[PDB]
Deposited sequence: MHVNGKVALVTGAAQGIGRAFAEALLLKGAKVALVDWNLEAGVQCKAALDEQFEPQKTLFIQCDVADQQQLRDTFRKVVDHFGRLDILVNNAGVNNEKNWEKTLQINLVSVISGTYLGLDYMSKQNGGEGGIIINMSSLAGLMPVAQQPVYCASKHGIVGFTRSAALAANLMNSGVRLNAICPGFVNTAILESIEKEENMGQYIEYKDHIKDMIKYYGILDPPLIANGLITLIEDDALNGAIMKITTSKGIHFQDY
């Protein structure tokens, strides 16, 4: 299908794979409100994105994805300034073992908050029409990385919550879709297009690796 017209919210996209994601969506005809607190990097990201895209299809917001109030405000501003929402990308994350409290409050808590907000603003039952919510993870959620325990715990929690809430939505008949991405950056953003362009792929985990390009792991 054509992703044109749709509205998307990608979290933490001022630099890196996050930013990459936006490009694809912007080049696919959608309109993206990048969300990240890296204002110095986010403004430059929007500037770079503009040169090949009309400036009304790129917005930016500043909110660290750790507080429910700020995340809710960001979602409200997205759906207001654009009128709706169809695509959610929860990818903001930090790699750190020392202050593992933050490592666990960022990767796992904020993904759940974002998915609940996406269900709220997209669940057929309570308005809207649905769409898709994708959470970004890594092999640490599927492999034990002895080097970084808390990282492995966060990724495992994400890859559990994704399936749980996908089953919940599928039982509630709410339109919202949930999927999880666990790769080994343009090839990474080539996964959003692969997943979003098929409504028969919900509540699953996909892997991007050098062995098989893009594929899906079967439980």
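Against the full deposited sequence, the model leaves out just one stretch, namely 185-221.
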